[PDB]
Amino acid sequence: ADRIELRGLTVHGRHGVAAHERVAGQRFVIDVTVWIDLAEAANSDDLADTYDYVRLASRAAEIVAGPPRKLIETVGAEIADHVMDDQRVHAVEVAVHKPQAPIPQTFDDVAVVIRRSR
């Protein structure tokens, strides 16, 4: 079950179904899990044989801070689709958290998890 896991990537963005929400924006938190065979990379100790976590983080942050979407579903899909551009990846899961969602209730977190797989 070889995988790469990025957790708690924290980025200010402006996604939200309502206009009032894109005025100032809010905190988004991203998790990404990438399923990919890692044995070649442990054998070569060559970055080229694995998925560079650094570029994973950068691309996810750029997407979150980029053009606003109404749904976090759409954000999550764009990140997941980007990951799947690497044909070595068996599957990805992208969690888009909105811990500051303007909800009159008291809760810790709300998120969507987008899965892609081949």
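Each residue number is its position in the shown sequence, starting from 1.
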Going by the average Cα B-factor in the PDB entry, point out whether 14 to 22 or 103 to 111 comes out higher. 14 to 22
Relative to the other modelled residues in the chain, which third contains the C-alpha temperature factor of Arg88: lowest, middle or highest? highest
Lowest, middle or highest third of the chain for the C-alpha temperature factor of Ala39? highest
Going by the CA temperature factor in the PDB record, which third of the chain does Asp31 belong to: lowest, middle or highest? lowest
On the chain's distribution of Cα B-factors, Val64 falls within the third called middle
Determine, from the deposited record, the chain-internal third of the Cα B-factor for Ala80: lowest, middle or highest. middle
